[PDB]
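work05.csv, holding CSV, C-alpha atoms and all ligand atoms:
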chain,number,residue,atom,x,y,z
A,100,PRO,CA,11.8,16.9,18.7
A,101,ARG,CA,8.4,17.0,16.9
A,102,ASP,CA,9.9,17.0,13.4
A,103,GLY,CA,11.9,13.9,12.9
A,104,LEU,CA,11.3,11.2,10.3
A,105,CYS,CA,8.0,12.4,8.7
A,106,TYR,CA,7.9,9.0,6.9
A,107,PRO,CA,8.0,6.3,9.5
A,108,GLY,CA,11.2,4.3,9.7
A,109,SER,CA,14.6,4.0,11.5
A,110,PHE,CA,18.1,5.4,11.2
A,111,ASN,CA,20.9,2.8,11.4
A,112,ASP,CA,23.7,3.9,13.8
A,113,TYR,CA,21.8,7.2,14.5
A,114,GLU,CA,23.6,7.6,17.9
A,115,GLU,CA,27.0,7.3,16.2
A,116,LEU,CA,26.0,10.0,13.7
A,117,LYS,CA,25.1,12.4,16.5
A,118,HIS,CA,28.5,11.7,18.0
A,119,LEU,CA,30.2,12.7,14.8
A,120,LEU,CA,28.5,16.1,14.7
A,121,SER,CA,29.9,16.9,18.2
A,122,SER,CA,33.3,17.5,16.5
A,123,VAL,CA,32.0,19.1,13.2
A,124,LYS,CA,31.3,22.8,13.0
A,125,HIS,CA,30.1,23.3,9.3
A,126,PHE,CA,28.7,21.4,6.4
A,127,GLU,CA,29.1,22.5,2.8
A,128,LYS,CA,26.4,20.6,0.8
A,129,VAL,CA,27.5,19.1,-2.5
A,130,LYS,CA,25.2,17.9,-5.2
A,131,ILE,CA,26.6,14.4,-5.8
A,132,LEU,CA,23.7,12.7,-7.6
A,133,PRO,CA,21.4,15.3,-9.3
A,134,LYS,CA,17.8,14.4,-9.7
A,135,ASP,CA,17.9,14.9,-13.5
A,136,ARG,CA,20.2,12.0,-14.3
A,137,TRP,CA,17.6,9.4,-13.2
A,138,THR,CA,16.0,9.6,-16.6
A,139,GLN,CA,15.1,5.9,-16.7
A,140,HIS,CA,12.9,6.2,-13.5
A,141,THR,CA,10.2,8.3,-11.9
A,142,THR,CA,11.5,10.7,-9.3
A,143,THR,CA,8.3,12.6,-8.5
A,144,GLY,CA,7.1,10.0,-5.9
A,145,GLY,CA,5.7,11.5,-2.7
A,146,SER,CA,3.8,10.5,0.4
A,147,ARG,CA,1.0,11.9,2.5
A,148,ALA,CA,3.2,11.5,5.5
A,149,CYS,CA,5.5,14.2,3.9
A,150,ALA,CA,2.6,16.4,2.8
A,151,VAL,CA,3.2,20.1,2.3
A,152,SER,CA,0.4,22.6,1.4
A,153,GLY,CA,-2.0,19.6,1.3
A,154,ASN,CA,-0.1,17.8,-1.4
A,155,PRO,CA,2.1,14.8,-1.2
A,156,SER,CA,5.9,15.5,-1.0
A,157,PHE,CA,9.1,13.9,0.2
A,158,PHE,CA,12.5,14.7,1.7
A,159,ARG,CA,14.3,17.5,-0.1
A,160,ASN,CA,17.7,15.8,0.0
A,161,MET,CA,16.5,12.3,-1.1
A,162,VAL,CA,15.1,10.8,-4.3
A,163,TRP,CA,12.3,8.2,-4.2
A,164,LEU,CA,13.1,6.0,-7.2
A,165,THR,CA,9.9,4.6,-8.8
A,166,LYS,CA,8.9,2.6,-11.9
A,167,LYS,CA,8.7,4.6,-15.2
A,168,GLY,CA,6.2,3.3,-17.8
A,169,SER,CA,5.8,-0.1,-16.0
A,170,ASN,CA,9.6,-0.6,-16.2
A,171,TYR,CA,12.2,-0.5,-13.4
A,172,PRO,CA,15.7,-0.8,-14.9
A,173,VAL,CA,18.7,-1.4,-12.6
A,174,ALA,CA,19.6,1.9,-10.8
A,175,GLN,CA,23.3,2.7,-11.6
A,176,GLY,CA,24.8,5.4,-9.4
A,177,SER,CA,28.4,6.4,-8.5
A,178,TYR,CA,30.3,9.4,-7.3
A,179,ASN,CA,34.0,10.0,-6.8
A,180,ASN,CA,34.9,12.1,-3.8
A,181,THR,CA,36.7,15.2,-5.3
A,182,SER,CA,35.4,17.8,-2.8
A,183,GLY,CA,38.7,17.8,-0.9
A,184,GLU,CA,37.5,16.5,2.4
A,185,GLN,CA,35.5,13.6,3.9
A,186,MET,CA,31.8,13.6,2.8
A,187,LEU,CA,28.8,12.1,4.6
A,188,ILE,CA,26.3,10.2,2.4
A,189,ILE,CA,22.9,8.9,3.5
A,190,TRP,CA,20.8,6.5,1.5
A,191,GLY,CA,17.6,4.6,2.4
A,192,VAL,CA,15.6,1.4,1.8
A,193,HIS,CA,11.8,1.3,1.5
A,194,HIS,CA,9.9,-1.5,3.1
A,195,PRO,CA,6.4,-1.9,1.6
A,196,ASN,CA,3.5,-2.8,3.8
A,197,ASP,CA,2.2,-5.6,1.5
A,198,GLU,CA,3.3,-7.4,-1.6
A,199,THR,CA,0.7,-5.5,-3.6
A,200,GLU,CA,2.5,-2.3,-2.7
A,201,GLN,CA,5.7,-3.8,-4.0
A,202,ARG,CA,4.1,-4.5,-7.4
A,203,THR,CA,2.4,-1.2,-7.8
A,204,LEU,CA,5.5,0.8,-6.8
A,205,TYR,CA,8.5,-1.1,-8.2
A,206,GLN,CA,6.9,-4.2,-10.1
A,207,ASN,CA,9.9,-6.3,-9.0
A,208,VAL,CA,9.9,-8.7,-6.1
A,209,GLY,CA,13.0,-9.8,-4.2
A,210,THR,CA,14.8,-6.5,-5.0
A,211,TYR,CA,18.1,-5.5,-3.4
A,212,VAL,CA,19.8,-2.2,-2.4
A,213,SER,CA,23.6,-2.5,-2.4
A,214,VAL,CA,26.2,0.1,-1.5
A,215,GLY,CA,29.9,-0.3,-2.0
A,216,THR,CA,33.0,1.8,-1.3
A,217,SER,CA,36.7,1.0,-0.9
A,218,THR,CA,35.9,0.1,2.8
A,219,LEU,CA,32.2,-0.5,2.9
A,220,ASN,CA,30.2,-3.4,1.4
A,221,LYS,CA,26.5,-3.6,2.1
A,222,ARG,CA,23.5,-5.3,0.5
A,223,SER,CA,20.0,-4.8,1.8
A,224,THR,CA,16.6,-6.2,0.9
A,225,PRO,CA,13.1,-5.0,1.7
A,226,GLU,CA,11.1,-6.6,4.4
A,227,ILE,CA,7.4,-6.7,3.5
A,228,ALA,CA,5.3,-7.2,6.6
A,229,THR,CA,2.2,-5.9,8.3
A,230,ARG,CA,2.9,-3.1,10.8
A,231,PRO,CA,0.8,-0.7,12.8
A,232,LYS,CA,0.1,2.5,10.9
A,233,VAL,CA,2.4,5.5,11.9
A,234,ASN,CA,1.6,8.9,10.4
A,235,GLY,CA,-1.0,6.9,8.5
A,236,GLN,CA,1.6,4.8,6.7
A,237,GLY,CA,2.1,1.1,7.1
A,238,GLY,CA,5.5,1.0,5.4
A,239,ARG,CA,8.9,1.9,6.8
A,240,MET,CA,12.1,3.6,5.5
A,241,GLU,CA,15.4,2.4,6.9
A,242,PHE,CA,18.2,5.0,6.4
A,243,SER,CA,21.9,4.2,6.5
A,244,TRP,CA,25.0,6.4,6.3
A,245,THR,CA,28.7,6.3,5.7
A,246,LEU,CA,31.7,8.6,5.4
A,247,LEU,CA,33.4,8.7,2.0
A,248,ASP,CA,37.2,9.2,2.3
A,249,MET,CA,39.7,11.2,0.3
A,250,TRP,CA,39.4,10.5,-3.4
A,251,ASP,CA,37.2,7.5,-2.8
A,252,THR,CA,34.3,6.2,-5.0
A,253,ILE,CA,30.9,5.1,-3.8
A,254,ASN,CA,28.7,2.9,-6.0
A,255,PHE,CA,24.9,2.6,-5.7
A,256,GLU,CA,23.2,-0.5,-7.2
A,257,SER,CA,19.6,-1.4,-6.8
A,258,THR,CA,16.7,-3.1,-8.6
A,259,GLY,CA,14.1,-1.6,-6.3
A,260,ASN,CA,13.3,0.1,-3.0
A,261,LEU,CA,16.2,2.5,-3.2
A,262,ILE,CA,15.9,6.1,-1.8
A,263,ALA,CA,19.0,7.5,-3.5
A,264,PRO,CA,20.6,10.7,-2.1
A,265,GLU,CA,20.8,13.9,-4.0
A,266,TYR,CA,23.2,15.9,-1.8
A,267,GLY,CA,26.4,15.0,0.1
A,268,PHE,CA,27.4,16.8,3.3
A,269,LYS,CA,31.0,17.7,3.0
A,270,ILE,CA,32.8,18.4,6.3
A,271,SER,CA,34.5,21.8,6.1
A,272,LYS,CA,35.3,22.9,9.7
A,273,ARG,CA,36.3,20.6,12.6
A,274,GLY,CA,36.7,21.5,16.2
A,275,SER,CA,35.2,21.3,19.7
A,276,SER,CA,31.4,21.4,19.7
A,277,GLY,CA,28.5,19.7,21.3
A,278,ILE,CA,24.7,19.2,21.4
A,279,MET,CA,22.5,21.1,23.9
A,280,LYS,CA,19.3,19.3,25.0
A,281,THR,CA,17.2,22.4,25.8
A,282,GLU,CA,13.9,23.9,24.9
A,283,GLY,CA,15.1,27.5,25.0
A,284,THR,CA,15.5,30.0,22.2
A,285,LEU,CA,18.6,31.8,21.0
A,286,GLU,CA,18.9,35.4,22.2
A,287,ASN,CA,21.1,38.3,21.4
A,288,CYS,CA,24.0,37.7,23.9
A,289,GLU,CA,27.7,36.9,24.0
A,290,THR,CA,29.4,34.4,26.3
A,291,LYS,CA,32.5,32.2,26.6
A,292,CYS,CA,30.8,29.3,28.5
A,293,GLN,CA,27.4,28.0,27.7
A,294,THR,CA,25.3,25.6,29.8
A,295,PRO,CA,21.7,24.3,29.1
A,296,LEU,CA,20.4,26.4,32.0
B,199,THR,CA,14.1,-33.3,5.2
B,200,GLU,CA,13.1,-32.1,8.7
B,201,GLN,CA,11.6,-29.0,7.0
B,202,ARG,CA,9.2,-31.0,4.9
B,203,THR,CA,7.9,-33.2,7.7
B,204,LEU,CA,7.4,-30.2,10.1
B,205,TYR,CA,6.4,-27.2,8.0
B,206,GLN,CA,6.2,-28.5,4.4
B,207,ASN,CA,7.2,-25.1,3.1
B,208,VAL,CA,10.7,-24.0,2.0
B,209,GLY,CA,12.1,-20.5,2.4
B,210,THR,CA,9.8,-19.6,5.2
B,211,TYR,CA,10.0,-16.4,7.1
B,212,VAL,CA,9.1,-15.1,10.6
B,213,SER,CA,8.2,-11.4,10.6
B,214,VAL,CA,7.4,-9.3,13.7
B,215,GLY,CA,6.4,-5.7,13.5
B,216,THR,CA,5.3,-3.0,15.9
B,217,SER,CA,5.1,0.8,15.8
B,218,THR,CA,8.8,1.0,16.5
B,219,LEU,CA,10.1,-2.5,15.6
B,220,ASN,CA,10.4,-4.2,12.2
B,221,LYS,CA,12.1,-7.6,12.0
B,222,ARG,CA,12.0,-10.4,9.4
B,223,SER,CA,13.8,-13.7,10.1
B,224,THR,CA,14.4,-16.9,8.2
B,225,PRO,CA,15.4,-20.4,9.3
B,226,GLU,CA,19.1,-21.4,8.8
B,227,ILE,CA,19.2,-25.1,8.0
B,228,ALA,CA,22.7,-26.6,8.7
B,229,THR,CA,24.4,-29.6,10.3
B,230,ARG,CA,25.2,-28.9,13.9
B,231,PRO,CA,26.5,-31.1,16.8
B,232,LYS,CA,23.7,-32.7,18.8
B,233,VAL,CA,23.0,-30.9,22.0
B,234,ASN,CA,20.4,-32.6,24.3
B,235,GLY,CA,20.1,-35.1,21.5
B,236,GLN,CA,18.8,-32.5,19.1
B,237,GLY,CA,20.6,-31.1,16.0
B,238,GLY,CA,18.2,-28.2,15.6
B,239,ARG,CA,18.2,-24.9,17.3
B,240,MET,CA,15.6,-22.3,18.4
B,241,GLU,CA,16.5,-18.6,18.4
B,242,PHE,CA,14.4,-16.6,20.8
B,243,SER,CA,13.9,-12.8,20.5
B,244,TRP,CA,12.0,-10.3,22.7
B,245,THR,CA,10.7,-6.8,22.6
B,246,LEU,CA,8.9,-4.3,24.9
B,247,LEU,CA,5.4,-3.3,23.7
B,248,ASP,CA,4.5,0.3,24.6
B,249,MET,CA,1.2,1.8,25.8
B,250,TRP,CA,-1.7,1.2,23.4
B,251,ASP,CA,0.6,-0.3,20.8
B,252,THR,CA,0.0,-3.2,18.4
B,253,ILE,CA,2.3,-6.2,17.6
B,254,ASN,CA,1.7,-8.3,14.6
B,255,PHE,CA,3.1,-11.9,14.1
B,256,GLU,CA,3.2,-13.3,10.6
B,257,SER,CA,5.0,-16.4,9.4
B,258,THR,CA,4.8,-19.1,6.8
B,259,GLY,CA,6.7,-21.5,9.1
B,260,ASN,CA,9.3,-22.0,11.8
B,261,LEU,CA,7.5,-19.7,14.3
B,262,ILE,CA,7.4,-20.5,18.0
B,263,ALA,CA,4.5,-18.2,18.8
B,264,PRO,CA,4.0,-17.1,22.4
B,265,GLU,CA,0.9,-17.6,24.5
B,266,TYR,CA,1.5,-15.2,27.4
B,267,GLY,CA,2.9,-11.7,27.7
B,268,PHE,CA,4.8,-10.5,30.8
B,269,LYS,CA,3.2,-7.3,31.9
B,270,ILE,CA,5.4,-5.1,34.2
B,271,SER,CA,3.4,-4.1,37.3
B,272,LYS,CA,5.9,-2.8,39.9
B,273,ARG,CA,9.1,-1.0,39.2
B,274,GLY,CA,11.9,-0.1,41.6
B,275,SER,CA,15.4,-0.8,42.8
B,276,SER,CA,16.2,-4.5,42.6
B,277,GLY,CA,19.0,-6.8,41.3
B,278,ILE,CA,20.1,-10.3,40.4
B,279,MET,CA,22.1,-12.2,43.0
B,280,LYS,CA,24.7,-14.7,41.8
B,281,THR,CA,24.7,-17.2,44.7
B,282,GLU,CA,24.4,-20.9,45.4
B,283,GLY,CA,22.5,-20.4,48.7
B,284,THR,CA,18.9,-21.0,49.7
B,285,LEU,CA,16.3,-18.6,51.1
B,286,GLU,CA,15.8,-19.0,54.9
B,287,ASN,CA,13.5,-17.4,57.4
B,288,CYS,CA,15.2,-14.1,58.2
B,289,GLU,CA,14.8,-10.3,57.9
B,290,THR,CA,17.4,-7.8,56.8
B,291,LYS,CA,17.8,-4.4,55.3
B,292,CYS,CA,21.1,-5.0,53.4
B,293,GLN,CA,21.8,-8.2,51.5
B,294,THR,CA,25.2,-9.5,50.1
B,295,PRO,CA,26.0,-12.7,48.3
B,296,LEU,CA,27.8,-13.9,51.4
C,301,LIG,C1,38.7,9.6,-8.4
C,301,LIG,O1,39.4,10.8,-8.6
C,301,LIG,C2,40.8,10.8,-8.3
C,301,LIG,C3,41.3,12.2,-8.5
C,301,LIG,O2,40.6,12.8,-9.6
C,301,LIG,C4,41.5,9.8,-9.1
C,301,LIG,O3,42.8,9.7,-8.7
C,301,LIG,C5,40.8,8.4,-8.9
C,301,LIG,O4,41.4,7.5,-9.8
C,301,LIG,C6,39.3,8.5,-9.2
C,301,LIG,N1,38.7,7.2,-9.0
C,301,LIG,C7,38.3,6.4,-10.0
C,301,LIG,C8,37.7,5.1,-9.6
C,301,LIG,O5,38.5,6.7,-11.2
C,302,LIG,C1,-5.5,-0.3,20.4
C,302,LIG,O1,-6.4,0.1,21.5
C,302,LIG,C2,-6.4,1.5,21.8
C,302,LIG,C3,-7.3,1.7,23.0
C,302,LIG,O2,-8.4,0.7,23.0
C,302,LIG,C4,-6.9,2.2,20.5
C,302,LIG,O3,-6.9,3.6,20.8
C,302,LIG,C5,-6.1,1.9,19.3
C,302,LIG,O4,-6.7,2.5,18.2
C,302,LIG,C6,-6.0,0.4,19.2
C,302,LIG,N1,-5.2,0.0,18.0
C,302,LIG,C7,-5.7,-0.4,16.8
C,302,LIG,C8,-4.6,-0.7,15.8
C,302,LIG,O5,-6.9,-0.4,16.6

Any chance you could give the structure as structure tokens?
Amino acid sequence: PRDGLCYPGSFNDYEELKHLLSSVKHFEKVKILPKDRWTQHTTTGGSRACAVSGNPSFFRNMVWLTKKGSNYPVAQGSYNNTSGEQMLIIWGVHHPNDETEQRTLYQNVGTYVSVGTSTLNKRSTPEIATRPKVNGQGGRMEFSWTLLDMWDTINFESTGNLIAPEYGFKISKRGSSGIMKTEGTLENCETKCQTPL
Amino acid sequence: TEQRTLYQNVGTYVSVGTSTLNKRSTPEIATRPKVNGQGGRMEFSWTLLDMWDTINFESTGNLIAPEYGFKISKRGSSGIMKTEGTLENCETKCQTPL
């Protein structure tokens, strides 16, 4: 696929996530952390790697937290799963190219991005290093995911380099499915057995 | 104490980055049983560098930097034989450990 991660980076347990979708037939997006509540931080941050119409932009479902008025207070974020079914949540960590980028974007060094649920406990820290430029950007964005169970709570805590999510992907329909690796296009037709050919 | 006399810096890092790889590592100072008379350890990592790609090594200490890269030239069917024998003058088309 040509359109993957517009901002260079990786996706932890990406192959496992594609295996989960093989038994999921429908997602009902739920706004778990609206962009408006981040009133103590700047949420308009964008990159040329995500440019649309010649202007910097960013992923639609993710929020790039940034310093507001030369201040970066601790990012508090929580959501209690009340959607009635298991919900998939994706967050990310930003790795600046150099320590100067760290200062001009978050102003705090040695920041942490921690995510905790009733069954998950993770703390991540940015890795500042010199890397070859991909899509013109020297930084990287590492994205991680988890499944939030019934009536469970997920807490987001970070002093910097947190790409907080805005929407959760609630599973609604489950059943037999799969992924076709094909370059064809959908056509008006009906069948009971589909092959890539 | 070994940190001072060998690198003089504390909290050093060893970072390696390519177009598809991003790794930062730090030394782990601890007391371990002496193997080969040495209490220290060296952890060795590897990667495959693609066509026309760049790899950057940066470290403030504890880096065992390489001198040679192992370019792949010929590819094909091969294998690793687990045997105690020795090569001898002979020709064959099918080889078994026995
Ligand atoms: C989350 O919501 C459920 C149902 O409303 C409730 O039982 C549970 O106590 C809530 N979690 C917390 C941490 O309050
Ligand atoms: C590496 O070399 C190739 C071919 O010489 C070149 O196209 C590429 O730009 C070089 N990489 C960098 C980072 O300059």

Closest to chain B among A:291, A:136, A:125, A:232, using all atoms listed in the file?
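For chain B, the nearest of the candidates is A:232.
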
May I have the protein, DNA and RNA residues with any atom at most 12 Å from the point (2.8, -2.4, -6.1), counting all atoms listed in the file, written as number ranges by chain?
A: 165-166, 169, 194-208, 227, 259-260

Neighbouring residues of ligand LIG 301 (chain C) are defined here as those with any atom at most 12 Å from a ligand atom, counting only C-alpha atoms and all ligand atoms; list them as a list in words.
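I would give the residues around ligand LIG 301 (chain C) as residues 177, 178, 179, 180, 181, 182, 183, 216, 217, 247, 248, 249, 250, 251, 252, 253 and 254 of chain A.
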
Output the contact residues of chain B with respect to chain A at a cut-off of 7 Å, based on only C-alpha atoms, as a list in words.
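Written out as asked, the residues are residues 213, 215, 216, 217, 222, 252 and 254 of chain B.
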
So which one's closest to ligand LIG 302 (chain C), B:253, B:240, B:211, B:199? Using all atoms listed in the file, please.
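Selected residue with least distance to ligand LIG 302 (chain C): B:253.
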
Do you have the CA of residue 132 in chain A-CA of residue 236 in chain A distance handy?
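Going from CA of residue 132 in chain A over to CA of residue 236 in chain A covers 27.5 Å.
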
Counting only C-alpha atoms, select every polymer residue within 10 Å of (39.4, 23.8, 6.8) as defined in the file's coordinates, and provide the selection as a PyMOL selection string.
chain A and resi 125+183-184+270-273

Pick out the residues sitting within 7 Å of range 260-271 of chain B, and hand them over as a ChimeraX atom specification; count only C-alpha atoms, and ignore anything fewer than 3 positions along from it in its own chain.
/B:212,225,257

Quick one: residues within 8 Å of residue 173 in chain A, all atoms listed in the file counted, chain neighbours fewer than 2 positions away excluded, as a PyMOL selection string?
chain A and resi 171+175+256-259

Let me make sure I understand: among A:114, A:135, A:235, A:223, which one has the smallest atom-to-atom distance to ligand LIG 302 (chain C) if we use all atoms listed in the file?
A:235

Rounded to one decimal, what separation in Å do you get between CA of residue 102 in chain A and CA of residue 157 in chain A?
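Between these atoms lies a distance of 13.6 Å.
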
Just to confirm, what's the straight-line distance from CA of residue 140 in chain A to CA of residue 167 in chain A in Å (one decimal)?
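We find that CA of residue 140 in chain A and CA of residue 167 in chain A lie 4.8 Å from each other.
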
Among the residues B:230, B:249, B:280, B:255, the one that comes closest to ligand LIG 302 (chain C) [using only C-alpha atoms and all ligand atoms]:
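Comparing B:230, B:249, B:280, B:255 against ligand LIG 302 (chain C), the winner is B:249.
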
Hey, which of A:153, A:209, A:295, A:168 ends up closest to residue 280 in chain A? Count only C-alpha atoms.
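Among the listed residues, A:295 lies closest to residue 280 in chain A.
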
Using N, CA and C atoms, give me range 275-293 of chain B from the structure I just pasted, as a compact mmCIF listing (two decimals), in the first residue's frame.
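What ended up in decode14.txt:
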# COMPACT_ATOMS: atom_id res chain seq x y z
N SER B 275 19.64 -21.95 -2.30
CA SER B 275 19.35 -22.99 -1.33
C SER B 275 20.63 -23.46 -0.65
N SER B 276 20.62 -23.46 0.68
CA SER B 276 21.77 -23.89 1.47
C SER B 276 21.24 -24.45 2.78
N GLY B 277 22.12 -24.59 3.76
CA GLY B 277 21.71 -25.07 5.07
C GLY B 277 22.89 -25.11 6.01
N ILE B 278 22.59 -25.40 7.27
CA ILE B 278 23.59 -25.55 8.31
C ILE B 278 23.58 -26.99 8.78
N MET B 279 24.72 -27.66 8.67
CA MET B 279 24.86 -29.06 9.04
C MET B 279 25.39 -29.16 10.46
N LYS B 280 24.69 -29.91 11.30
CA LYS B 280 25.12 -30.16 12.67
C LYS B 280 25.82 -31.52 12.69
N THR B 281 27.15 -31.50 12.55
CA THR B 281 27.92 -32.73 12.48
C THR B 281 29.29 -32.50 13.10
N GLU B 282 29.89 -33.60 13.55
CA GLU B 282 31.23 -33.58 14.14
C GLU B 282 32.30 -34.01 13.15
N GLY B 283 31.94 -34.28 11.90
CA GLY B 283 32.87 -34.80 10.92
C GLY B 283 33.76 -33.73 10.32
N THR B 284 34.56 -34.16 9.35
CA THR B 284 35.52 -33.30 8.68
C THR B 284 35.37 -33.47 7.17
N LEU B 285 35.56 -32.37 6.44
CA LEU B 285 35.46 -32.41 4.99
C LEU B 285 36.56 -33.30 4.41
N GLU B 286 36.19 -34.10 3.42
CA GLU B 286 37.13 -34.99 2.75
C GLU B 286 36.92 -34.90 1.25
N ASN B 287 37.96 -35.26 0.50
CA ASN B 287 37.91 -35.19 -0.96
C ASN B 287 36.88 -36.17 -1.50
N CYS B 288 35.75 -35.65 -1.97
CA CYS B 288 34.63 -36.46 -2.42
C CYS B 288 33.62 -35.54 -3.10
N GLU B 289 32.82 -36.12 -3.99
CA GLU B 289 31.81 -35.39 -4.73
C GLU B 289 30.46 -36.08 -4.55
N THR B 290 29.41 -35.28 -4.38
CA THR B 290 28.09 -35.84 -4.16
C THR B 290 27.04 -34.83 -4.62
N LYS B 291 25.81 -35.33 -4.76
CA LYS B 291 24.66 -34.51 -5.11
C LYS B 291 23.65 -34.43 -3.97
N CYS B 292 23.77 -35.28 -2.96
CA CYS B 292 22.87 -35.27 -1.81
C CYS B 292 23.69 -35.55 -0.56
N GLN B 293 23.58 -34.67 0.43
CA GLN B 293 24.40 -34.74 1.64
C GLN B 293 23.51 -34.86 2.87
